[PDB]
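To start, the structure itself, in structure tokens.
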Amino acid sequence: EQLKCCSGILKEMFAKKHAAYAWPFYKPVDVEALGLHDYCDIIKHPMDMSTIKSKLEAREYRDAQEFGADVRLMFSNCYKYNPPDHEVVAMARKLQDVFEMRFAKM
Ligand SMILES: CC(C)S(=O)(=O)c1ccc2c(c1)-c1cn(C)c(=O)c3[nH]cc(c13)CN2CC1CC1
């Protein structure tokens, strides 16, 4: 099953090797603590790694493509909300490189 391959992708994205850039994506953006009160006006469908992990464990993805769409949604939200020169955008790109290289191996 390619959903076993999806659990592997998440283990890689949560690994210590990538923590320096993956950490802002581990949990939902805490809009209240960060003062990002315009976030929900710009981002219609928030997504993060812990939510993807919960969805995967709860059989909410029919296949690897549905799983992949939520991972790409997480990165697209980051690219849409932040200015392009923001530190978090560079971090999203580094994490997206980890994901895309592993996802391509299926
Ligand atoms: C529990 C945690 C995940 S957090 O939610 O406290 C948290 C803490 C800080 C943090 C994020 C989220 C953040 C995430 N993302 C997806 C965005 O698009 C952001 N734009 C701006 C920020 C974020 C501000 N910074 C990241 C900045 C240093 C590089």
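Every number in this text was worked out from the coordinates using simple rules, so none of it is lab data. Methodologically, a virtual Cβ is constructed for each residue, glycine included, from the backbone with ideal geometry; neighbour enumeration extends over all protein chains shown.
For the chain, which trypsin sites (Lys or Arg not before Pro) are in a loop by DSSP, counting at most 12 other Cβ atoms within 10 Å?
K44, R59, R62, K105
Across 10 Å bins from 0, what is the distribution of all Cα-Cα pair distances for segment 26-67, in whole percents?
25, 45, 25, 6
Multiplying the sequence separation of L36 and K55 by 0.36 nm and subtracting their Cα-Cα distance, what value in nm do you get? Don't jump to the answer; show the numbers that get you there.
On the way: separation 19, 0.36 × 19 = 6.84 nm, distance 2.51 nm.
That works out to 4.3 nm of additional length.
Place +1 on the Cβ of every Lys and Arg and -1 on the Cβ of every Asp and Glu in the chain, take the dipole about the Cα centre, and give the residue among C5, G35, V71 whose Cα lies farthest towards its positive end.
The Cα lying farthest towards the positive end belongs to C5.
Which whole-angstrom value gives the distance between the alpha carbon centres of segment 41-75 and segment 1-34?
11
If you take every residue apart from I9 with its C-beta less than 15 Å away from the C-beta of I9, what net charge results, scoring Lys and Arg +1 and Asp and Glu -1?
Result for the neighbourhood of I9: -1.
In debye, nearest 20, what is the charge dipole magnitude of the chain about its Cα centre with +1 on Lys and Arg Cβ and -1 on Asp and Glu Cβ, if you could check?
My answer is approximately 480 debye.
Restricting attention to the alpha-carbon atoms of the chain, what are Rg (one decimal) and Dmax (integer), both in Å?
Over the chain's Cα set, Rg and Dmax evaluate to 13.6, 41 Å.
Mind checking which of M91, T51, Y61 is farthest towards the positive end of segment 51-106's charge dipole, using Cβ charges of +1 (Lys, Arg) and -1 (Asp, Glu) about the Cα centre?
Checking the options against the dipole of segment 51-106, the answer is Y61.
Taking θ = phi - 60°, what integer Hz values does the Karplus form 6.51 cos²θ - 1.76 cosθ + 1.60 yield along segment 69-85, in sequence order, with x for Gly and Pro?
Along segment 69-85, the couplings run 4, 6, 5, 5, 4, 3, 5, 4, 4, 4, 5, 7, 6, 7, x, x, 8 Hz.
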